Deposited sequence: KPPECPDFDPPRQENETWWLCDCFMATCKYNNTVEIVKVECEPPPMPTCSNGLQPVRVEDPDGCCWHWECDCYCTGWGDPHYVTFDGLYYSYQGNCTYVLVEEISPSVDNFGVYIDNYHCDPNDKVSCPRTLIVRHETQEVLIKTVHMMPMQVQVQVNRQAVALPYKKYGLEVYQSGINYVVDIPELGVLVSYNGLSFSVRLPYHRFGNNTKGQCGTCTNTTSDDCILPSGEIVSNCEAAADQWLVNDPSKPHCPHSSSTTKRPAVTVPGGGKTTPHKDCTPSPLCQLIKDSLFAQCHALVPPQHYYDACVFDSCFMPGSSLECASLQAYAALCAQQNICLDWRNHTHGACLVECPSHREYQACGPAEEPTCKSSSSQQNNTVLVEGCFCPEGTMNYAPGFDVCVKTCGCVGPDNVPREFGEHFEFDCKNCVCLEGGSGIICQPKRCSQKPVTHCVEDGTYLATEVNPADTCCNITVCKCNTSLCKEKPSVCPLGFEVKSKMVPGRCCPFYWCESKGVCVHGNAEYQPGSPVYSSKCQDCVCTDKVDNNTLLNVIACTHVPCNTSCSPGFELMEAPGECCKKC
């Protein structure tokens, strides 16, 4: 046919006006618009491709930032300071395109006035799920509808970490939210969200004039007052109502940030630093705006180290196994699956594993040189290594599931007999293996079956005492004295057996004699008298010289 049998945008923008099916006037279409001048934000615009492959126009992203306690900068580079306590809406939608979508910021319900214990909580609602990021004295935690871990992904919503920031993103909508504990940033694409947002972050129109509107939809010159009207009522608390310039603030104007003076306007941050320093001196509150300026510069592909120059008073506090770096990868290379990924170009600050080692896997913190397995207890393991974890036999081997554990089945030789009286069979904690639980011939002294063996007065000590046996043996109660003197043999027993017996054995010490000194010196001898005749051996006679 003279007109083409679809005269068409046939391919690769090869457009056409067909004279006939065979002979047509084909056309080719291409173009290139110059880089847009600016976006009332100083940030360089990006390239957005047409639906048609023919061309790409320049459009710049929507960026809202909030730092310090009161400091806000909207999507179009308008800056203002607002103070409040009740939770406030950050960004919402004018015409609902996504169900229950919104970003909110509770600034003081957690900590009113001074936010020293907890500065803010960030609420992100997307359809079914809501995420509340809150901070405490040492490290923030997040609650999803219940607490969760950091590397979270569910229903197109992802939460993770990057440098010193907690990032909540929706890839389908391209929404990025970064929380720091001292500031927050919201990043939105232009085409998806163009002139359809409202809240304290203003309207992403590329115009600074319409950057604040009331919920009704009016325009007010006093942009600070419009922020106070963006209050979200909730069940709890329904009764919502001379300066010497510190040199630190001078760091913005120094030559260190001279590279940042291009591609990023420094007027707002310097004024915020000066105001914070004059609010009260010597509180280390003026090195919070510097962090935001450095973060924005890094986002602008300009990485700088500045904290060195701050003479301390605010640094990073992360554990020993990590070292602080001003320029580092946004996504650290975990050993588990670094694989291949688009290396982005913006190096962010933070603290990472040392140069020699590297992180193990997402959700872990142990840095290792050559990674094998990591169990629930953070201890590095090598491939083909045998270690008794818990009460089991476990092995780290290459493949899936890592650790493989099997039961212990420890056994001991069962002995029931207990020979000594003290020995009594008792199963008890196996000392070597708390799990083996081996039984043992326990020892009770009370169960001593044999009894003390009484001995004669003569013996001294059975020596059985403290034998060290399960049953304590007993020493002999008797002792060495001339016991076997006479009759019932005891220590003196010098009964007068002789007609003139002396034998006064007084336990006189002698070999065997001590035990038995028969010191008998009878004197049965008879001595004459002047008239007592026949006195030789007469009854009861003793020597008598008379």
Quickly check which stretches of the deposited sequence aren't in the model, judged by C-alpha, and list them in order. 1, 8 to 16, 156 to 159, 256 to 278
